[PDB]
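Structure below; questions to follow.
So that the names make sense, note that chain A is the first sequence line, chain B the second, and so on, each numbered from 1. Values below: every heavy atom of this structure, side chains too, minus hydrogens, waters and symmetry copies.
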Amino acid sequence: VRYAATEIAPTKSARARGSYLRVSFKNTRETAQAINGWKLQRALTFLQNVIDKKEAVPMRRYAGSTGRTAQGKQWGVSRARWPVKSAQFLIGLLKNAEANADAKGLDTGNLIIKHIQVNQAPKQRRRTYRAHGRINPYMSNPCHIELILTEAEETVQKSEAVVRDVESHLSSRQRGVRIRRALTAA
RNA sequence: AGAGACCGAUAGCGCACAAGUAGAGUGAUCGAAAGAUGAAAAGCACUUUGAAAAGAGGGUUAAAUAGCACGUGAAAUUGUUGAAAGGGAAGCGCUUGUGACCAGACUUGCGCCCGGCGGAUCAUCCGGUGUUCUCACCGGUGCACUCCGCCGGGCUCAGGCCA
RNA sequence: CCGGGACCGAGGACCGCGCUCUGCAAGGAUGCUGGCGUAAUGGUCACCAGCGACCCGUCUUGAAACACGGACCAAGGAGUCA
RNA sequence: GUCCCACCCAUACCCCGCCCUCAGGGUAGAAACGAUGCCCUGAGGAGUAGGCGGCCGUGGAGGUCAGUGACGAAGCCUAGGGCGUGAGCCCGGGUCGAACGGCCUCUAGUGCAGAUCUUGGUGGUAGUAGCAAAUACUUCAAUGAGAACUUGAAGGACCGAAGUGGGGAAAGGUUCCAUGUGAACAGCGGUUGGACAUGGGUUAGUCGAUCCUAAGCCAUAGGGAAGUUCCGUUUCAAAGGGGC
RNA sequence: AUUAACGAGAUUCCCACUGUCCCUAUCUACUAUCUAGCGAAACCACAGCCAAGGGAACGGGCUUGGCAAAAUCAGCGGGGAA
RNA sequence: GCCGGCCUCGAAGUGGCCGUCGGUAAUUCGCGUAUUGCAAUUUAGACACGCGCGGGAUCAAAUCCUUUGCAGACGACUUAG
Ligand SMILES: [K+]
Ligand SMILES: [K+]
Ligand SMILES: [K+]
Ligand SMILES: [K+]
Ligand SMILES: [K+]
Ligand SMILES: [K+]
Ligand SMILES: [K+]
Ligand SMILES: [K+]
Ligand SMILES: [K+]
Ligand SMILES: [K+]
Ligand SMILES: [K+]
Ligand SMILES: [K+]
Ligand SMILES: [K+]
Ligand SMILES: [K+]
Ligand SMILES: [K+]
Ligand SMILES: [K+]
Ligand SMILES: [K+]
Ligand SMILES: [K+]
Ligand SMILES: [K+]
Ligand SMILES: [K+]
Ligand SMILES: [K+]
Ligand SMILES: [K+]
Ligand SMILES: [K+]
Ligand SMILES: [K+]
Ligand SMILES: [K+]
Ligand SMILES: [Mg+2]
Ligand SMILES: [Mg+2]
Ligand SMILES: [Mg+2]
Ligand SMILES: [Mg+2]
Ligand SMILES: [Mg+2]
Ligand SMILES: [Mg+2]
Ligand SMILES: [Mg+2]
Ligand SMILES: [Mg+2]
Ligand SMILES: [Mg+2]
Ligand SMILES: [Mg+2]
Ligand SMILES: [Mg+2]
Ligand SMILES: [Mg+2]
Ligand SMILES: [Mg+2]
Ligand SMILES: [Mg+2]
Ligand SMILES: [Mg+2]
Ligand SMILES: [Mg+2]
Ligand SMILES: [Mg+2]
Ligand SMILES: [Mg+2]
Ligand SMILES: [Mg+2]
Ligand SMILES: [Mg+2]
Ligand SMILES: [Mg+2]
Ligand SMILES: [Mg+2]
Ligand SMILES: [Mg+2]
Ligand SMILES: [Mg+2]
Ligand SMILES: [Mg+2]
Ligand SMILES: [Mg+2]
Ligand SMILES: [Mg+2]
Ligand SMILES: [Mg+2]
Ligand SMILES: [Mg+2]
Ligand SMILES: [Mg+2]
Ligand SMILES: [Mg+2]
Ligand SMILES: [Mg+2]
Ligand SMILES: [Mg+2]
Ligand SMILES: [Mg+2]
Ligand SMILES: [Mg+2]
Ligand SMILES: [Mg+2]
Ligand SMILES: [Mg+2]
Ligand SMILES: [Mg+2]
Ligand SMILES: [Mg+2]
Ligand SMILES: [Mg+2]
Ligand SMILES: [Mg+2]
Ligand SMILES: [Mg+2]
Ligand SMILES: [Mg+2]
Ligand SMILES: [Mg+2]
Ligand SMILES: [Mg+2]
Ligand SMILES: [Mg+2]
Ligand SMILES: [Mg+2]
Ligand SMILES: [Mg+2]
Ligand SMILES: [Mg+2]
Ligand SMILES: [Mg+2]
Ligand SMILES: [Mg+2]
Ligand SMILES: [Mg+2]
Ligand SMILES: [Mg+2]
């Protein structure tokens, strides 16, 4: 179908997606944002350390009236949590993409999370019961997830010069000064 | 049974659909929401990862930016990427600056002279036909200092923006 | 009667009132010269800077009001017919 | 306190340009004119409630452009352009798939920010308030992708015969039993379920109903009431049953 | 007008008793609090630091001053004429 | 004026002496200047920052984690590894 990047050619990359997944959208957004631009192996290790509560996911946007911990000093922040259920879903998709890379014939030794994105899905409906005979809604917030992996090169050492454009519409008095200084210096 | 300067799915009857239906009330009674894949299902064979739901390849089609959560697909609200600002709100009016991006205008035209090239037939007169009854058209004559077109060289004039 | 500066050039054949009368400053700007011919002049947007700037609708002598309605968006919504 | 110079700036005053409104003139033996046009001259411009004029848009109808269109109509997006004082009009780029427009007349269910307005959809609050009555769970093994709330065994506990036990009446209607299972439901999980799918299950001369009458309700004889119907139950009635 | 017995009926004093008080201290269980899973509602013109002034005679916004530095957690009951 | 050697300077650390080297109309001359076309900033200073060479010098810590209870709602704090 149509991924959101559209500038990555589906020949030198691998991708995976999943839709209508019944997990918290707010928790998954904070988890996906922590692993973005990382290597495939570093990310897989990190997600398991979260499940075992040895490393923490920093909460930046959706962090209203939450708790504090010492495992957040790694990220320079003070509020962090351990979204176990979110990490499980992400690991499943990262494994599927890595499997897709092997079938194509890529080199899984150095792959990079190039694109990762979480969107809101249609909600599901339940009800509560309140005092004085009133009924209120009780809803869940699922999500869509997709990602793309590409190889890393980080190899550019080409810098341009004034060759692209030269002084082209100078005045007659400007041209006179340039020539005189050229003659004097040589 | 035939029609209309009527309405076009929040409209028109409450009902374009298994509608006086599903549902509520002890009962008399109350009473909805809900139309559109494609010309044709040709409704995705096979391989691979996964416990499975599914994903990635590969197929059908004019089109999958039409996959049954299906014509087109707006706003509120949200994700990623890119650009920028932030010492107890922000937004707005007048006027410069910086950065990014951009519409026009201009590229020549008429005339005169000199040379070359090509074609005619320029003025006049005779016949025919129109018409505003004196002005034209067609046929014939004309045949090189006339008429028309192109190219080469020189000259005058007019031409864009800011001073 | 002589100097020094600033802003402006509407009109588009002739005709008029006149004068210092081969002509003119008299019913509204012409003459000469240089640079450049493109993002240079010009335009749109974003942001910083100087000055300015109370929330709309409504009743009321008097509304920014410690007076009432208004969380946001789409579609419907009120002087007609005999 | 009194007197004197110079200087600063209002949308006021003076001069110039342009817009509109009002007033006054010119223009045919027509080489003549959107005569509803064009040329010349002067003055003026605040505004709620309210009055009048001119114009711009929307859905349909008659006429006309011998109008545009699958070589792409309509609709939608666009810190890309041009015109208009303004409501608005026109063009470029993208998406898309079957109809649509200009001009003069005709016609109306014809122009929205408000009405604690109607229907539908969506935010901040916010991963927040909370998920704390009824004393309580622990070890090993097995099943399974996955086990605190599934099964076995072993410990520890509660109900304590006016029971958290064994059976019924009203009410419900398959909730009963076996096998299996993706989603949804069991406000945590779930391999378990009163959930979901496929099959099976209720046997009477003796237990009930059926028979009798109670409080009561309604037919028949009759009397009211325009009538739907009201009274009346043994009465002011020629009202039955037994044998060969 | 009196009146034995009776009263979850109204009132005054006495004995015993005590954290009602001088004057407050300590302990236990469940919360709150942190984590995994699940997950609402009221309300909302726009917002949210002050002193004085004038003003519809008690300003978050106006005028003149004081000042003024990211993003945040547990409590609190002055104001928001909540 | 750049360097080097001696002294000196504490309010937010400065000045002086000496030496080598380089430049230098107080007087008077000889060659060069044009064409930037009759104006168009006189692109010229000082500090910061970046980049590229060539030489020297150097081989460190903090957080998570486990632990303590002189501390504590959670972070944080006093300790040990
Ligand atoms: K908290
Ligand atoms: K209806
Ligand atoms: K019913
Ligand atoms: K086609
Ligand atoms: K295709
Ligand atoms: K389509
Ligand atoms: K004028
Ligand atoms: K009112
Ligand atoms: K109000
Ligand atoms: K119309
Ligand atoms: K287009
Ligand atoms: K949650
Ligand atoms: K309990
Ligand atoms: K119990
Ligand atoms: K029987
Ligand atoms: K028998
Ligand atoms: K029976
Ligand atoms: K019977
Ligand atoms: K009886
Ligand atoms: K009767
Ligand atoms: K009593
Ligand atoms: K609390
Ligand atoms: K939690
Ligand atoms: K006051
Ligand atoms: K003001
Ligand atoms: Mg708080
Ligand atoms: Mg709390
Ligand atoms: Mg409740
Ligand atoms: Mg109730
Ligand atoms: Mg919600
Ligand atoms: Mg009909
Ligand atoms: Mg509908
Ligand atoms: Mg309808
Ligand atoms: Mg549809
Ligand atoms: Mg497929
Ligand atoms: Mg298409
Ligand atoms: Mg949808
Ligand atoms: Mg669609
Ligand atoms: Mg949007
Ligand atoms: Mg701003
Ligand atoms: Mg002839
Ligand atoms: Mg002029
Ligand atoms: Mg020139
Ligand atoms: Mg510019
Ligand atoms: Mg002001
Ligand atoms: Mg007040
Ligand atoms: Mg009122
Ligand atoms: Mg209100
Ligand atoms: Mg409609
Ligand atoms: Mg007026
Ligand atoms: Mg209509
Ligand atoms: Mg089109
Ligand atoms: Mg836009
Ligand atoms: Mg079609
Ligand atoms: Mg209407
Ligand atoms: Mg509206
Ligand atoms: Mg209004
Ligand atoms: Mg909580
Ligand atoms: Mg509970
Ligand atoms: Mg509670
Ligand atoms: Mg239990
Ligand atoms: Mg007991
Ligand atoms: Mg006991
Ligand atoms: Mg059972
Ligand atoms: Mg079972
Ligand atoms: Mg549950
Ligand atoms: Mg579950
Ligand atoms: Mg289950
Ligand atoms: Mg069932
Ligand atoms: Mg019996
Ligand atoms: Mg009767
Ligand atoms: Mg009778
Ligand atoms: Mg105050
Ligand atoms: Mg006062
Ligand atoms: Mg206020
Ligand atoms: Mg101020
Ligand atoms: Mg409180
Ligand atoms: Mg208060």
Looking at side-chain heavy atoms only, is the closest gap between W82(A) and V57(A) below 4.5 Å?
no
Backbone of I51(A) reached by a side-chain donor or acceptor of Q88(A) within 3.5 Å
no
Just N and O in the side chain of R61(A): are any of them under 4.0 Å from OP1 or OP2 of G79(B)?
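For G79(B), OP1 or OP2 has a side-chain N or O of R61(A) closer than 4.0 Å.
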Within 90° of 0 counts as syn, otherwise anti: where does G35(B) fall?
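For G35(B), whose glycosidic angle is more than 90° from 0, the conformation is anti.
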Separation between the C1' atoms of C8(D) and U21(D), rounded to whole Å:
39 Å
Among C73(E), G127(D), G187(D), the nucleotide that comes nearest once only the side chain of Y138(A) is considered:
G187(D)
Round to the nearest Å and state the distance from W82(A) atom CH2 to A36(E) atom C1'.
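Taking atom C1' of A36(E) as the reference, CH2 of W82(A) is at 11 Å.
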North or south for the sugar of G8(B)? Use the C1'-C2'-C3'-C4' sign convention, positive meaning north.
south
Within the pair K53(A) and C34(E), is there a side-chain N or O less than 4.0 Å away from OP1 or OP2?
no
N or O in side chain of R81(A) less than 4.0 angstrom from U35(E) OP1/OP2:
yes
Does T69(A) get its side chain close enough to the base of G75(F), under 3.5 Å, for a donor-acceptor pair?
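A donor-acceptor contact between them is absent.
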Mind checking whether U198(D) and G42(D) form a Watson-Crick or G-U wobble pair, both distances under 3.5 Å?
no
Check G124(D) against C43(E): Watson-Crick (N1-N3 plus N6-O4 or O6-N4) or wobble (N1-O2 and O6-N3), both under 3.5 Å. Paired or not?
yes
Any heavy-atom pair between the side chains of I112(A) and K39(A) that's under 4.5 Å?
yes
Give a yes or no on whether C5(D) and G216(D) pair, Watson-Crick or G-U wobble, both distances under 3.5 Å.
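Donor-acceptor distances not both below 3.5 Å, so no.
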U213(D): pucker by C1'-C2'-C3'-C4' torsion sign, positive meaning north and negative south, is north
Should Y129(A) be listed as having a side-chain N or O under 4.0 Å from OP1 or OP2 of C131(D)?
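For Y129(A), the contact criterion (side-chain N or O under 4.0 Å from OP1 or OP2 of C131(D)) is not met.
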Using whole Å, what does the distance between atom P of nucleotide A51(B) and atom CG of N96(A) come to?
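Taking CG of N96(A) and P of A51(B), I get 12 Å after rounding.
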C1'-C2'-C3'-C4' sign verdict for the sugar of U61(B), north or south
north
Given the 90°-from-0 boundary between syn and anti, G241(D) should be labelled anti
Just wondering, do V23(A) and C143(A) contact through their side chains at under 4.5 Å, heavy atoms?
yes
Can you check the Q74(A) CD to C65(F) P distance for me, whole Å?
10 Å
Between the base of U72(E) and the side chain of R68(A), is there a donor-acceptor distance below 3.5 Å?
no
Say whether, by atom type as modelled, one donor and one acceptor occur between the side chain of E30(A) and the main chain of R60(A) under 3.5 angstrom.
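Such a contact is found between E30(A) side chain and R60(A) backbone.
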Do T11(A) side-chain atoms and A9(A) backbone N/O form a donor-acceptor pair below 3.5 Å?
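Not at all, since once roles are kept as given, no pair shorter than 3.5 Å links the two residues.
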Can you find a side chain N or O atom of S172(A) that sits less than 4.0 Å from OP1 or OP2 on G37(F)?
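Answer is yes, contact under 4.0 Å.
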Under-3.5 Å donor-acceptor pair between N100(A) side chain and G55(B) base:
yes
Its glycosidic angle compared against 90° from 0, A39(C) adopts the form syn
